[PDB]
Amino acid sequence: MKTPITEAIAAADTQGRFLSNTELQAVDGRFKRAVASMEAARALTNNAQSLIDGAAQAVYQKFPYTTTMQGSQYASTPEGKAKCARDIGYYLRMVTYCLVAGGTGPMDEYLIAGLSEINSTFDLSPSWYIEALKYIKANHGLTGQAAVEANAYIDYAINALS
């Protein structure tokens, strides 16, 4: 899994090298950044339910056809609405993992790999998830560097869906 720490090791190991100051510095930056990352992960976790709920409605609001068109891919049935909220939960949870891990690894591994395939196979619009993610970004209530941290991984997901 890609973290500042595993990248540092990977760089050394790729060359058959012991770790050098070159890498220890990278890891130190990770350790220092962790204060902001952890704040963000905690706040997003604590507020996850309202963020997810609010995010789901923001989608339904922007794309109301998703609540009315017939189809297993839509949120026009209770089961469809439940899958949609689950997915949004997934995204949010991955953001928090990225924050804890200090890198994109969890989202890369658990969510982004295969994403286009799954979206295209199950007829899910990336634009739906982007709206959910834009809502979360707008309303997570973080400021300062904790917000910069949350937003970097949220925008990473947005980029992966674009």
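Numbers follow the displayed sequence, beginning with 1.
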Comparing mean C-alpha B factor in the record for 68 to 76 and 88 to 96, the higher one is 68 to 76
When the deposited Cα B-factors of this chain's modelled residues are ordered and cut into thirds, is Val148 in the lowest, the middle or the highest one?
middle
Name the third of the chain's ranked CA B-factors that contains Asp108, choosing lowest, middle or highest.
lowest
Within-chain third of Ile154 by Cα B-factor, per the entry
lowest
Rank-wise, by C-alpha B-factor, drop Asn139 into the lowest, middle or highest third of its chain.
lowest
If you rank the chain by CA B-factor, which third does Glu117 end up in: lowest, middle or highest?
highest
